[PDB]
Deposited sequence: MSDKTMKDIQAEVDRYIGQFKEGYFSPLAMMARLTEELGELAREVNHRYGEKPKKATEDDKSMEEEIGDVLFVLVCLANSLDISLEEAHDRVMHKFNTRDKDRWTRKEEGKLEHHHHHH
């Protein structure tokens, strides 16, 4: 009933893989993150500094999953890591938006 983190990754990989262009390179992917993080940063100041929030959040989560798959990293396993610690043209852009 509730998606396994590993599946959200799979889903996002199905999508990107359909363009037969692979994922954005790490540095490009970073720009993507800063980008969406800037749009999310706008809405948060909009609503708390004077279903948009949900979408501006998903947008970052998307990029974050992309970057994860792009480096063959399990977002789940990465989450466990962090938790453990606390307890102790060349542009194929036709591919995303």
*Which ranges of the deposited chain go unmodelled, in order along the sequence?*
1, 52-60, 99-105, 115-119
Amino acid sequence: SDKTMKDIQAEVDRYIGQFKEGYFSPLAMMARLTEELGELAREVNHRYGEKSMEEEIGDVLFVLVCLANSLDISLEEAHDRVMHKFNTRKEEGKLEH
From here on, numbers count along this sequence of modelled residues.
*If you average the Cα B factors in the entry, which is higher, 78-86 or 17-25?*
78-86
*asked:* Comparing average C-alpha B factors as deposited, tell me which of 27-35 and 52-60 sits higher.
replied: 52-60
